[PDB]
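Report on one structure; see the data block that follows.
Don't worry about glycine lacking a Cβ; one is built from the backbone with ideal geometry, like all the others, and counts go over all protein chains shown. Rule-based calculations on the coordinates, nothing more; no lab input.
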Amino acid sequence: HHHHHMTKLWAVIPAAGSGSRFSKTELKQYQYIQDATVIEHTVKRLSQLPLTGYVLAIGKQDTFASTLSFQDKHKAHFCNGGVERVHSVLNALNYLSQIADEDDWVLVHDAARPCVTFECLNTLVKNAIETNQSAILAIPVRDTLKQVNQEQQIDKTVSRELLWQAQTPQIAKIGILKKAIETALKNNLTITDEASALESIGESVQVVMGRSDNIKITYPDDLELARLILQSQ
Amino acid sequence: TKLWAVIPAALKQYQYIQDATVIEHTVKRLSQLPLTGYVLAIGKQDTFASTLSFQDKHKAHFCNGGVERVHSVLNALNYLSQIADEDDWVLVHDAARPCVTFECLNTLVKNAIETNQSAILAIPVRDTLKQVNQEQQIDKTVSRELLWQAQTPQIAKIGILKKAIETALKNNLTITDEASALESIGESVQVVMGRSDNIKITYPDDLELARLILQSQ
């Protein structure tokens, strides 16, 4: 039986790569916004949900994350990440499988998205739990899409009809998502987000409207903009 | 060679970001270029655009907009054709993109002049794309390979872009942006790196985000 009244929520924050403290480029999730790292902000935001626990899948050489003063640290778990994000997610799901029920829900969320709103989190969770189906935050594509060649010239316009930009969190039941990722990897599929793995095994995934301000800190000015967004929230 | 701007404006553009409307912010940002003039294509019943204090008013022009954005642009190009040379450059820019940076504008203009060819600001697609049905269920993931999100300005010579739009419309070709009209007549269009924060204000909450972007810059 997979449809239950009693529900538990878990969060997973996946990293990619070794996370060595001696790399020349700083990881965006460990840059500071005021007095805490981006990932501390992200954990604090997700912790506004009724989480039973959260799992950070961190690089094998990352000795930094476990030392941080996370919100609700008593709910914090740490496991080994993988080469790619999907591998880190699978590791965390294998970890969760031994401390949680397969029919518990897990929210997989980008470490570098600290500005996702509590309202959006609530709607996503509410939607998934009620429909008993997986869901993601996403927003419609608003820009005209162009296919561009190696010489930076436009080849042609590409239709944007019915296209959405996926955001995170992406929420699904632990056992279902773990099986989706295992199967997709075993079929040598290219997996980008959890939804793409669920889609590969015929699981329905519902889109819940995200926000433009649910930015993934990537570019140089994104740190400051995220600071301003968090301050406005 | 002179530089002109066209803003199809026929509404989020009359929404406020602090003490000015979105379109005023956009005009002020574009006005940092050495423009000879800029043209706002407005609705025939629009008396509001006349109650705005636009940066560099002496260079402001107003013409009738059209049904669709491409018609507003074509109208503005026909207007510009009577005050400018056909080989002058025109930047067509969304009224609802007030956060485009001066650096990006300068790079776009420079690229166009050096290559002697049309160009647009654009950024690579970084998010995973989903095809979504009317019931908000995902159908499938769509490859983002070689895909860029077109932004504005989109820059071309007045005569060439006018002809392109004119050719596409007499031939019933689907047109979206200026790049798509130039595509219809085989003109090459180069992409110039834009910015993720060159947002096109679409939803009410985008006004707040645009406010913060302008401040974050």
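Taking the alpha-carbon centroid of each part, what is the distance from the stretch A:24-87 to the stretch B:77-138 in angstrom?
38
What net charge do the residues around B:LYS2 carry, taking every other residue with its C-beta under 10 Å from that of B:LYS2, with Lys and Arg at +1 and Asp and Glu at -1?
-3
Using 0.36 nm per residue of separation minus the Cα-Cα distance, give me the extension gain between A:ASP35 and A:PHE22 in nm, one decimal.
Additional length available on full extension: 2.4 nm.
In deg cm²/dmol, rounded to 500, what helix-only [θ] at 222 nm does chain A give when every DSSP H run of at least 4 residues adds -39500 (n - 2.57) and the total is split over its residues?
-8500 deg cm²/dmol
Restricting to Cα pairs below 8 Å that are 6+ residues apart, what does the relative contact order work out to for chain A? Please round to a whole percent.
23
Using 24 Å as the Cα-Cα cut-off, could you pick out the over-long pairs in A:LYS28/B:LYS130; A:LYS146/B:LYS130; A:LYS156/B:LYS2; A:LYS156/B:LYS59; A:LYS24/A:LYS73; B:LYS110/B:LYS162?
Result: A:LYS28/B:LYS130; A:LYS156/B:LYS2; A:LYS156/B:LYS59; A:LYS24/A:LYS73 exceed 24 Å.
Once you order the gyration tensor axes a ≥ b ≥ c over the Cα atoms, which shape class does chain A get: rounded for a/c under 1.5, otherwise prolate or oblate by comparing a/b with b/c?
Verdict is rounded for chain A.
Among DSSP bridges having both ends in chain A, what percentage is antiparallel? Round to the nearest 5.
Among the beta bridges of chain A, antiparallel pairing accounts for roughly 40 percent.
Give the calculated FRET efficiency between B:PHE102 and A:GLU84 to the nearest 0.05, with a Förster radius of 22 Å applied to their Cβ-Cβ distance.
0.05
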